[PDB]
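Chains as they are written, first to last, in the authors' numbering: chain A, 43 to 422; chain B, 6 to 244; chain C, 306 to 402; chain D, 5 to 234; chain E, 204 to 250; chain F, 141 to 349; chain G, 196 to 292; chain H, 4 to 251. Ideal placement from N, C-alpha and C gives every residue a C-beta, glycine not left out. Some notes on the structure that comes next.
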Amino acid sequence: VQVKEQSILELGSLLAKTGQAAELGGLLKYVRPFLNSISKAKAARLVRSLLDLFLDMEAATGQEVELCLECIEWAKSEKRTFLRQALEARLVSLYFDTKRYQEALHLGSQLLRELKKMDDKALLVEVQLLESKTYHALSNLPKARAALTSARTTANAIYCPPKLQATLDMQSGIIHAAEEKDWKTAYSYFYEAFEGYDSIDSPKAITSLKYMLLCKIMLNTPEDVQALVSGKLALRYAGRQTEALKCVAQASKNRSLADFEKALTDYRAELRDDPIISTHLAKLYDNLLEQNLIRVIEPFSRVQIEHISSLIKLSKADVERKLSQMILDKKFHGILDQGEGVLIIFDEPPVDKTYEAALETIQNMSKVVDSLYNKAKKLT
Amino acid sequence: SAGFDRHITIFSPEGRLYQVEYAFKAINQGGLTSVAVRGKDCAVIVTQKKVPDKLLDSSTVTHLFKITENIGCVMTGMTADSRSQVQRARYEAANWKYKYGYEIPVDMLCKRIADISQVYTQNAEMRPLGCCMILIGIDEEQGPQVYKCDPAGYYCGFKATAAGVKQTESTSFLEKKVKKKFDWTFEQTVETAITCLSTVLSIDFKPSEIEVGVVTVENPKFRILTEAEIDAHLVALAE
Amino acid sequence: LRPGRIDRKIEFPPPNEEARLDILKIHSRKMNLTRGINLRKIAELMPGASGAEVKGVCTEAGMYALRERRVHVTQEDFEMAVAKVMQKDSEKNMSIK
Amino acid sequence: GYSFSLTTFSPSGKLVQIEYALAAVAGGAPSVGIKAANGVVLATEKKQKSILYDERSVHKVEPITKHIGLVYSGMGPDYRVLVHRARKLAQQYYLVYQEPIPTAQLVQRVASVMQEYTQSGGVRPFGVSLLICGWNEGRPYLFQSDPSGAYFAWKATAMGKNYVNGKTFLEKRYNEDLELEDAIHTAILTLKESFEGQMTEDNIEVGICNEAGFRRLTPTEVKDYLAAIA
Amino acid sequence: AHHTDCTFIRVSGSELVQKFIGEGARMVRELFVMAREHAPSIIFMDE
Amino acid sequence: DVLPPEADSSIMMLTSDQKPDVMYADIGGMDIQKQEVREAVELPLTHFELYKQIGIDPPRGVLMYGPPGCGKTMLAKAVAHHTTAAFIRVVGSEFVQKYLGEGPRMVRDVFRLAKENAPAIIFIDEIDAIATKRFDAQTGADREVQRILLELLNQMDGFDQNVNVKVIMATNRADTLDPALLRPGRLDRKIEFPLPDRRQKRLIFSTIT
Amino acid sequence: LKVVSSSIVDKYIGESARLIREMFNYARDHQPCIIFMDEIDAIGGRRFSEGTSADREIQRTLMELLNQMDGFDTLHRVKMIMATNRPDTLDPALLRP
Amino acid sequence: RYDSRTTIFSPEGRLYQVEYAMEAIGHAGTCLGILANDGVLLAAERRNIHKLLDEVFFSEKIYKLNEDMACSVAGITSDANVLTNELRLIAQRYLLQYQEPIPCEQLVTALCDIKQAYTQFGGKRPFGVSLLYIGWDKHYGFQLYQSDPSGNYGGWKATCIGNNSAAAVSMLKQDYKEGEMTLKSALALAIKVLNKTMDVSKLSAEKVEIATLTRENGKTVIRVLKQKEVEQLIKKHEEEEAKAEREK
Ligand SMILES: Nc1ncnc2c1ncn2[C@@H]1O[C@H](COP(=O)(O)OP(=O)(O)OP(=O)(O)O)[C@@H](O)[C@H]1O
C-alpha cells in the first residue's frame, strides 16, 4: 500500500511528462479506489500532487474542470471536509486561468461561506486573495481592495507560509499600483514579494521584479531601473525581460515617444502583461505638448506646413486625434490653430457681468412671480 | 526609581537594585585600573601602582595577591574590601584541597567568591564590598584561564578583561587587539597588557609604576615579575 | 452629599441589553441600515457597553462604509465596529491571587 | 509606605515588591520553552556584551538531574543559587526514595525555596523565573516557577524581553503532534523574532529533554539547526 | 437645559478666582446672586 | 465705530504663518496611520457632506500611541502643513500663562479661530501646560493634576459639533489615559504606531537617502 | 552671545523660548557670531526640575530649543553650540546626531 | 496612618492589615459549597485559562487533606501552598497520635490558630488565603466550613468566598432548602449560582471545577467530577433555562 503510493507518485510524474494527459486522467480515476484504501489525511495531499501533475501535463481545461468536479463528487461521497475545501480552491485558480466571468467568483463565494465557519484559516486567506485577483480582472477595484484587506487581516493572526506572505504582498502591490494614488508603496510590496519569492518560488520572482522596475519608470525616476537590475539580488533573474524595462526607462529619461514606441515594438511578450506603460505613452504625448506649443508658436516664429499636424515632430499625420482628444476637455485651449501664421491660443470666458446678471434676473423675476400672488389676492 | 531603593538592598520599580549598582561605582573610586590578558600558553595581570609619598614602602603597596601556588589575583577597589576577599578566596581554595583532595580550578574559585557576594545582595545587614577580582591560573585541559567577578556576584570567563576607572576604554583597545587573528605569546601578552594601560592612561610609565604578575604553562606558579624584568619588557615594546 | 444640600442621588447604570438596543436605535436613526440588519443581536454582542460605546459602534461602522465609498451600512460593518470600539487588556504571570 | 516592604499588605490589592521582582524577570534575555509530543526543548539568547567574554564559561541552560533541566530569565547571580538548591533537593529525594525526583515534585520543592525569600524580613525575593523540563513517567513535562512561588505548566511559553511577541508567535505556530526536532526549529525561530542581531552557534544555547535525559546541545549541533533555515 | 422654561447656568469650571490673583467669591457667591436675579434657575456643576 | 477683531491663537492661527513644511509624501511608510488620522481630522473639514450622507457624525478625537521615534508627530506636523483648516497645532504648553485647569483657555481660542475660518485642529504634546507656579492641591498635590484631567474632559465632551475642534493626542502616559479619556465621544479613534519593520524601514531609508 | 538664560527667563516661563528665538534672530544678524549656551542651567536661585511648586520649564525650553535649532530657525551658518557642562541632565534625544 | 504592622491597633480597635487581607480574598476564583443531605460539594472557577497552559496537574483549587476531608483555596498562591501542606500535616499527626481521622472542626481550628498567630506577631503579614472545608466526621456528620485570613472560621450550609461572593450568597440563600438538598439538586444549585457569579457566558466545562464528597459503604469517597460529568450538568442547566423560556 505505502510502496504502491510511492510507485503511483513515480507513475504520476512520468504521466505528467512522458505520459499523455488522458493517461494521467485515467490514473486519477484508477487511484480513486486506492484513495479509499489509504488514510484520508494522506490521500488529500496525494490528490494535491495528482492535480498539480495534471496541470504539469499539456493543459486540457475541459478535462481538468471535469476531473476536478469528479474529484469534488468523490470528496462529497467520502464527506471529507478538508479535501472538498481544497478542491474548490484549485478549481477557482483553474477558473482564473480561463478568467471565468462569474464562475471563479461563484465558487469562491460558496467556499468563503464554508471557510468562515471552518477553522482552516490558511485556506481562507488563499481564497480571499483569489477573489481580489478576479475582481481586478473584472475591473471592480473597490471590491478587489476589500478582498485584499480581508485576506491581510485573517493572515495577520495566523502563521503565514513564505509563498502565502509573498502572494499577499504582491497583491497589495497590484491594488496599490492600480489606484495610482501612490506607486512608492506599491514598489515596497513588490520587492518584499520578490524577496520572499527568491529561491522558494523562482518563476514568481521575475513577475515581481518586472513590476518593481515598472514602478521606478512610473515614479518618474527611470535612472534607478538600471541600478536595480545591476544589483546582485536581481542578477539571477536578469534576462530579455529585464532589458525591456531598461530600454523603456531610458526612453522616459530621453522623454522621446519614438524611443518608447521602439521599446514597445522590440519586446512584444513584455508588452502583453502590463498596460500601465501605455498610460506613460499618453503622458509622453502630453509631454510633447510643449513642442506643439513651439510648433503652435511656429506662426509667431515661422508657420510651416500645418503647424498643428504635419509640422509637429514631422512623423505620421495620424498625430491629429491626440490633439483632438486634448481639444475636448482641458488642453492647449486653442481650437484648430493650424491656419493663421501668427497663432491665436487664448481663453477669456468668465465675464462677471454675464453670470451675476443672469443669476440675479432669474432670482429677481421670482419676486415678480411672488409679488403677483401678494397683490392679486388682495385685489381679488 | 531613585529615592526608592537608594537606602536599602530592595527591589525598585523596573526591578533595579540601586545599592548593588552603586557598588560597581566604588571600584572606580579606587582611582586605579587593571588589565588581564589570556594567551596561547600564558595569563598576564598588569596594574598601575601609585606610590603617593616617597616615605611609603613599594613592597607593602601591592594589588597583586597570590591566592594559591598556581592561582593569583589582581584586586581593583577599596583596599580593605579587596584584602577581605583575598582571605576568603585563600580559605576557599585551601578548603577545596582539604575537602576534595585537589587544587581549586580557577573557574571554581570564582563561583565560590561570586556566591558569597550574591548572598550579601539577597540578605540585608551587609555592604556588598567595593572591589572586583580578576583571577589567573593554568587549568589542565582548559589552558591558561582568566576569570573576573563583580560586587553583584556576576562571574564570567574573559579572553581579556579590565577593571577600574579606565575599564571601558581599556576593553575597547583590547577588542581591536583580540579581533586580530594572531594568538599572543608570553612576550606579546605582556606587551598587549602594558600597551593597553599605556594607550588608556598615556602615562608611558617607568618600570616602578606597572606591577605585572604572570602564570605560564611551563611555570604554573603565579610569579610577581621583578622591577628589572618589568623594565626589560617595557623597553622592548618601545623598541 | 448631605441630604439637605443634595436631596437626591440618582444613579446612572451601564445600559441593560434592552437599553443598549434603545440607544442603538437612537444613534442609527439617520444611518441607511440595509434590510436584514439585526440591531437586537448587535446590542447582545456588546455586553456591559458604556452607551457612548454603542454610539461609537455606529460611528465606526459608518466609517467602514465611507472608506468603501458606500452609504449602505451592513450587519457585518456593525459587528466589526463592535470589536474596534471594544478594548481588552491583559498581563502575564501577574495572574497570582 | 507600601511598595517598600513584602511584610506588609497593599492597602487594597497585593504586595508590590513581588510585582517589582517580576519586572526584573521581564528585563531578561529571551527564554523559549516548547513542550513537544516526544520531548521538551528549552532555549535562551546568550549574547556576550563584548567579543572578549568567553562563550564557553557560565552556561544559561544547566542540568539539575539526569532527566531534569532548568533555563532562566532574570538576574543571573540569583539563578546559580537556585540551580544549586534545585540540584540538591533532587539528590535528597534520591537518597530518601531511591528514585530520580519526578519533574512535577521538583518544581513544587523549588517553588517552596523561592517562596521562603518572599517571606517577611530583609531578604529580597529571587529576580529569576525558571523553566524546569522533564521526561518523568514517560510524559514530557514543562513547568514555570515564578519569584512569588506560584508554579504553572506551559505547552509553550516565553519569558524575558518581548515575552508577548514570543507568546503570540507560539500561539500561531505551535501545534501538538510535533516531534522534538520540529520543536527545536520553532524554539529557535521564536528567539529569532526577539533576537537583536544574527543568531550564531555561540549566540543561542539550546537544551533538549527527550526520553534519555536533559542534554545541552553541542555548539556544533546548535549551528546545524541555526543553518538550513530556523 | 433645552426643555427647561427656567434660566440654566453651567458652572463646570475650576477655581481661577477666590484668593488667586483673579477675583473674589466669583465661583460661588456671584453665581448664586446671578441665579437670584433670574428666579426660575437651574445650575449644573460637572466636578 | 467697531474695530476689526483683535488677538490670535498662539502667535497666530495655524501656528501663525509658520507652516510645519513636512509634506505627507515626506512622511513615507505610515500608510495605515496616515489614512486613519486623515479621516478623523482632515476629511471632516474637507467633505462634511459624505459624513452627513451616512449620518455618522464625523469621528473627532484621535489618540496616537507608539514607541518613541515611530512617526506620529512628523505626521502630526504634516497634517498642519497639508491642512486648509486653522490647524493651530497648539501643543499643550507654549503661549499659555500660569493657570489652574488651563484646558479652557486653549479650547476657547480654538472655537473662535475655527468659527473665523474652518474647524481648527489641536495636537496635544508638550503637555506641561499646567504644573504652574500658581498651582498645588491643598494637601494631595496629585489632585491638582487630576483637576486638569477633569477640566480637559469637560471641554472635550462635544465641541461645536459641525465646526468640531478636532483634538489629536500623542501622550504615552497611563495616568492621563483614564478610561474616560479613552471613551468614545472623547478620543474616538486610537492608532498605535509600530516600530518600523522591514518594508516600512525600506520606505523610510529610501526617502531619507 | 552668552545664553546664561537668567535674562531669558524673566517673568514668564513660556516667554523664555520666545526670548531665545529673539536672541537667535540677533545671532542670525551676524553670520560669524556663534550662540554659546554657557551656564544654561544657571538661573535665579536654582534650576527648577519637575516639581509640584515649579516643573521642568527649562527642560521644555530645551525641547523648544531643539525645534528652534533645526528647521524654523537655521540660517547664516550660525552654530547654536550647547557648550555647557552646567546642565545636570543631558536629553538623550538631544544627543542624537 | 495605623497601617503597616499587623501589631498596631487603630484608635477604633481595628487591625487594618488583617482587614486589608480579608478584603483581598475578593480578587480570586469563585469557590462555593453546599452542605447537601447525603453528600457535600465544592465548586470553583478555573480562572486564567489559556491555550498553551497544560492543566496536567489533577485539580488546581481543590485539594484533599485526608481520606475523609478536602478544601478549596482562594487567596495568594504561595500562602495557599504553605497552608495546604500544614493542613495535610495536622491531619496525619492526629491520626498518628489517636489512630482516628481528625474531626473536621478540629482541623479547621488548628489552621485557624496558626493563621491567628501571624496577626498577633509583628514580623509576619496576615495570611491572604481563605478556604472552604468539606468532610464527614462521626461526631457531627457531614459539615462545611469557612476560614478567614483573620483566623476566624464558621460552619455554613452554603457559602462562597472568591470574586462575587455576595451575589452567590444572595442566590444561595433564596434557592437553598434546609434538609432537601439531595446532592443532585445541590449540584444544580451550584451550576446556576456559578452562571450568575461568573461573567463567563455558557459556563463552559473548562471554566468550572466541581468536587463532591460522599460516604459510600462506610468510606468517604471524595471525587472530582471529570469534564464529561461536568458537561452533562451544564447541558441540563441550559435545557432548564429553555424550559423556563416563554413561561418567564
Ligand atoms: N514616515 C517617515 N518618513 C521619514 N522619516 C520619518 C518617518 N517617520 C519618522 N521619521 C523620522 O523619524 C523622526 C522621529 O519622528 P517623531 O519625532 O515624530 O517620532 P514620534 O514617535 O512621533 O516621537 P515624538 O512624539 O517624541 O515626536 C522624524 O523626525 C523623521 O526624521
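**Item:** Cβ-based burial, residue 389 (chain A) [other Cβ within 10 Å; buried from 16]
**Value:** exposed
**Message:** For ligand 3, I want to know if residue 159 (chain A) counts as a neighbour, meaning its beta carbon is within less than 7 Å of at least one of the ligand's heavy atoms.
**Reply:** This structure simply doesn't include ligand 3; it includes ligand 1 instead.
**Pairwise C-alpha distance: residue 203 (chain B) and residue 234 (chain A)** = 51 Å
**Request:** Could you have a look at residue 70 (chain B) and say whether DSSP puts it in helix, strand or coil?
**Result:** strand
**Message:** I'd like to know whether the C-beta atoms of residue 46 (chain H) and residue 56 (chain H) end up nearer to each other than 8 Å.
**Reply:** no
**7 Å Cβ shell around residue 231 (chain G) - same chain, five flanking residues per side excluded** = 196, 197, 198, 276 and 278
**Prompt:** Looking only at C-alpha atoms, which of F:319, F:337, F:310 and F:339 sits nearest to residue 177 (chain F)?
**Reply:** F:310
**Message:** Please list, in chain order, the chain C residues whose beta carbon lies closer than 9 Å to that of residue 52 (chain H).
**Reply:** In chain order: nothing, as chain C lies at least about 10 Å away.
**Message:** Quick check on residue 127 (chain B): buried or exposed, where buried means 16 or more other Cβ atoms within 10 Å of its Cβ?
**Reply:** buried
**Request:** Could you check the C-alpha separation between residue 240 (chain G) and residue 256 (chain G) for me, to the nearest Å?
**Result:** 18 Å
**Message:** Mapping the DSSP letters down to three states, classify residue 176 (chain D) as helix, strand or coil.
**Reply:** helix
**Asked** Is it buried or exposed for residue 153 (chain F), if we count other Cβ within 10 angstroms and need 16 for buried?
**Response** buried
**Prompt:** Who are the neighbours of residue 314 (chain C) on chain H, taking C-beta pairs under 9 Å?
**Reply:** Within 9 Å Cβ-Cβ: nothing; residue 314 (chain C) doesn't reach chain H, min ~21 Å.
**Prompt:** Going straight from the alpha carbon of residue 27 (chain B) to that of residue 150 (chain H), what length do you get?
**Reply:** 46 Å
**Asked** Are the C-beta of residue 70 (chain B) and some C-beta of chain D separated by less than 8 Å?
**Response** no
**Asked** Buried or exposed: which applies to residue 237 (chain E), given that a residue is buried once 16 or more other Cβ atoms fall within 10 Å of its Cβ?
**Response** exposed
**Request:** Express the C-alpha separation of residue 246 (chain A) and residue 203 (chain A) in angstroms, rounding to a whole number.
**Result:** 15 Å
**Request:** Starting from the beta carbon of residue 233 (chain E), find every residue of chain F whose beta carbon is closer than 9 Å, and list them in chain order.
**Result:** Near residue 233 (chain E) there are no residues of chain F at all, since even the closest Cβ is about 18 Å away, more than 9 Å.
**Prompt:** In chain order, which continuous runs of the beta strand (DSSP E) of length 3 or greater are located wholly inside the segment 118-160 of chain D?
**Reply:** 132-134, 145-149 and 155-157
**Request:** Return helix, strand or coil for residue 160 (chain B), following the three-state DSSP convention.
**Result:** strand
**Message:** Please tell me whether, using a cut-off of 7 Å, the distance from the CB of residue 18 (chain B) to the nearest non-hydrogen atom of ligand 1 is below it.
**Reply:** no
**Prompt:** Pick from D:32, D:127, D:88 and D:71: whose alpha carbon is nearest that of residue 248 (chain D)?
**Reply:** A query on residue 248 (chain D) cannot be resolved here, the shown segment of chain D reaching from 5 to 234 and no further.
**Prompt:** If you measure from the CB of residue 72 (chain H), is any heavy atom of ligand 1 nearer than 7 Å?
**Reply:** no
**Request:** Please compile the residues from chain C whose C-beta is within a distance smaller than 7 Å of the C-beta of residue 30 (chain H).
**Result:** 402
**Request:** Consult DSSP for residue 215 (chain B) and reduce its assignment to one of helix, strand or coil.
**Result:** strand
**Message:** For residue 75 (chain H) and residue 17 (chain H), what's the separation of their Cα atoms in angstroms?
**Reply:** 28 Å
**Request:** Determine the chain D residues that contact residue 242 (chain A) at a beta-carbon separation under 8 Å, and present them in chain order.
**Result:** Neighbours of residue 242 (chain A) on chain D: none; closest Cβ ~10 Å, over 8 Å.
**Request:** Flag this pair as yes or no: are the beta carbons of residue 293 (chain A) and residue 268 (chain A) separated by less than 8 Å?
**Result:** no
**Message:** So residue 179 (chain F) contacts chain C; which residues on that side make the cut at Cβ distance below 8 Å?
**Reply:** 368, 371 and 372
**Prompt:** Which of helix, strand or coil does DSSP assign to residue 274 (chain A)?
**Reply:** helix
**Request:** Tell me, please, whether the CB atom of residue 291 (chain F) is closer than 8 Å to any CB atom in chain E?
**Result:** yes
**Prompt:** What separation, rounded to the nearest whole angstrom, lies between the Cα atoms of residue 275 (chain A) and residue 342 (chain F)?
**Reply:** 15 Å
**Prompt:** Which chain F residues are close to residue 355 (chain C), counting only those with a beta carbon under 7 Å from its beta carbon?
**Reply:** 323
**Prompt:** Can you check whether the CB of residue 49 (chain D) is closer than 8 Å to the CB of residue 1 (chain D)?
**Reply:** This structure gives no information on residue 1 (chain D), because the portion of chain D shown stretches from 5 to 234.
**Asked** residue 139 (chain H) by DSSP, collapsed to three states: which one?
**Response** strand
**Short Cβ contact (8 Å threshold) for residue 289 (chain A) with residue 311 (chain A)** = no
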